[PDB]
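# here's my sequence, what's the structure:
(one chain, ligands or ions: 1)
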Amino acid sequence: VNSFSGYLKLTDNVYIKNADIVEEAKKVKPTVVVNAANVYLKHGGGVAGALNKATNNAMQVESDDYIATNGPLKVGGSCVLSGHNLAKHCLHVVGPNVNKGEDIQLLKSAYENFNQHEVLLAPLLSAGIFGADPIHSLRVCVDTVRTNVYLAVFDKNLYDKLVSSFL
Ligand SMILES: c1cnn(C2CN(c3ncnc4[nH]ccc34)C2)c1
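Residues are numbered from 1 along each chain as shown. Structure data below:
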């Protein structure tokens, strides 16, 4: 039993809800929140800009030190950093950004990072400003993640479309 409330159950392990991941994180305080990161951990907009704003820029400060030490992430890769006031940990995962020409086949690799964590609160990778089809992102998620994932979809119209078209 965990503290996630009001989710629709899609599969054995995948759950989905129309929610702002920021507000959901601040209420649940999950062990792991997933950030929709880029390789530079520059958290300017989308989910990343929103999560970073909610940390009063502490996420960005921590991220800049991470990059200065380690260099950029790989597309499809991840790193674990602090969750600040939102979660114990933030798993920064880099899904491919279609608006940069990155290979969508890397989306499965991105979701594989979730399997290193027993329970996660997450957005749909490569959706939104990353330019991929969110219906596709959901299929790859369901077919790749085996741990318990609670997906927050900010846009209510998108949420209803994802539920109504789910196989
Ligand atoms: C293009 C259109 N939208 N997108 C991302 C943004 N997003 C989110 N998912 C859950 N919570 C959120 N809070 C703030 C943003 C956000 C999906 C890319």
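# write out the residues of this structure neighbouring the ligand.
Selection of the chain residues close to the ligand by Cβ under 6 Å from any ligand atom yields 20-22, 46-47, 50, 123, 127-130, 152-154. (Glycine included, C-beta is placed from N, CA and C.)
# just those: which are in helices?
Residues of the residues of the chain next to the ligand located in helices (DSSP state H): 21-22, 46-47, 50.
# farthest-separated two in those residues?
Greatest spatial distance in those: 22 and 46, 11.6 Å, computed using Cβ to Cβ.
# ok so, going back, for the residues of the chain next to the ligand, which one is nearest the ligand?
residue 128 (0.6 Å; Cβ to the nearest ligand atom).
# could you dump stretch 19-36 to PDB, C-alpha only?
Provided in PDB are the C-alpha atoms of stretch 19-36 (Å, rounded to 0.1, in the frame of the first residue of the first chain):
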ATOM      1  CA  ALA A  19      -2.600  15.900 -12.300                       C
ATOM      2  CA  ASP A  20       0.200  18.600 -12.200                       C
ATOM      3  CA  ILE A  21       3.300  16.500 -11.300                       C
ATOM      4  CA  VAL A  22       4.500  19.500  -9.200                       C
ATOM      5  CA  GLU A  23       1.400  19.600  -7.100                       C
ATOM      6  CA  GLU A  24       1.200  15.800  -7.000                       C
ATOM      7  CA  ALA A  25       4.900  15.600  -5.800                       C
ATOM      8  CA  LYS A  26       4.400  18.300  -3.200                       C
ATOM      9  CA  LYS A  27       1.400  16.300  -1.700                       C
ATOM     10  CA  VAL A  28       2.700  12.700  -1.900                       C
ATOM     11  CA  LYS A  29       6.400  13.400  -1.400                       C
ATOM     12  CA  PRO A  30       7.200  10.200  -3.300                       C
ATOM     13  CA  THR A  31      10.500   8.400  -3.000                       C
ATOM     14  CA  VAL A  32      11.200   9.200  -6.600                       C
ATOM     15  CA  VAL A  33       9.900  11.800  -9.000                       C
ATOM     16  CA  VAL A  34      11.000  11.600 -12.600                       C
ATOM     17  CA  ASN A  35      12.100  14.800 -14.400                       C
ATOM     18  CA  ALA A  36      11.800  15.100 -18.100                       C
END
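# brilliant, that's me finished.
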